[PDB]
């Protein structure tokens, strides 16, 4: 339904916002800026900025309930959990 019309691409998406995010791969647009003092990094996706900030802060919101390990991402925790079983 939503087609990339940049050059020879033609990739397709189910939401306008997915296509808009995809277009940044062609334009080099990076609207999400880190505001950490002195940093300067910018990203094409908001969740990429979120991941980046967790590098700055070392915040690990996803705590394993079966051992002491914690993670910055739910998918990391999920894979780790499989190791307990």
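Positions refer to the first chain, counted from 1.
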Read off the CA B-factors in the entry, average them over 27 to 35 and over 43 to 51, and name the higher stretch. 27 to 35
Quick check for you: using the entry's CA B-factors within this chain, is residue 77 in the lowest, middle or highest third? lowest
Thinking about Cα B factors across the chain, which third does residue 71 belong to? lowest
Sorting the chain's CA B-factors, does residue 20 end up in the lowest, middle or highest third? middle
